[PDB]
């Protein structure tokens, strides 16, 4: 991510310092080449001494100094952002006594992408459920933009679903295998989620709040498609780069309401400045949520 007008400039509040000995590691939730997320049990974290379930992000012994300092920066940013209902909230850290361990909220229903594909043909997902995730993810992204922060990888895979059908925006990062995930394309220097990126991001590497809105539009698409891959069954080749720059967008999903598709259209505008802000999107989804009463 970015902290636009530095992650190392951010300070570390030692109020998050939690001891390694009060964590009990369990089922590995996510795993990448240098890091992974583990579902651990933190004895005495919120209450005085009451056990709770957390997701501890950590690295494998194969991660070196840049990868380790990337994790300390991840931690500093989360500490800064603080709390929001619709983000995977930082619960504490272990920085002293060993390697970096970033202890965060655990979302029991895993990611939204796999949840949607499971729900695609334990409770049925209706239109009100999908509209809720639109509003919730929009609110969380509006809060990220509010704290002058930019995700750079907003997708249904990087959105988790917890109890009470609450979507929380997260980032696996080093904790996901970009090698085998075919949604990440090689670009001669690194692997990027091309299908979810804006033109300035693809052709200029300009990662601004505005580009995070095109990515949000791509999320709206897979959300309303109940899991479908953006530009499905399609290879991410040079032929792909032409029609996108031309102005070719995705067709409306079989379940997407009319107002929602208009939102994907303005998000998918060629001009990054003529795109809705995350705060304005909240008001539009609020409108459609009241219209349904």
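Numbering follows the first chain given and starts at 1.
Per the record, residue 5 and residue 6 are separated by 10 or more deposited residues that have no coordinates. Just going by the entry, 206-214 versus 88-96 on mean CA temperature factor gives the higher value to 206-214. Here the stretch with the larger average CA B-factor, out of 218-226 and 184-192, is 184-192. Among the modelled residues of its chain, residue 31 has a C-alpha B-factor that falls in the middle third according to the deposited record. For residue 179, the recorded CA B-factor ranks within the middle third of the chain. Only modelled residues enter the ranking. The entry lists a Cα temperature factor for residue 59 that places it in the middle third of the chain's modelled residues. In the PDB entry, a CA B factor belonging to the middle third of its chain's modelled residues is recorded for residue 129.
Among all modelled residues in its chain, residue 123 ranks in the highest third by Cα B-factor.
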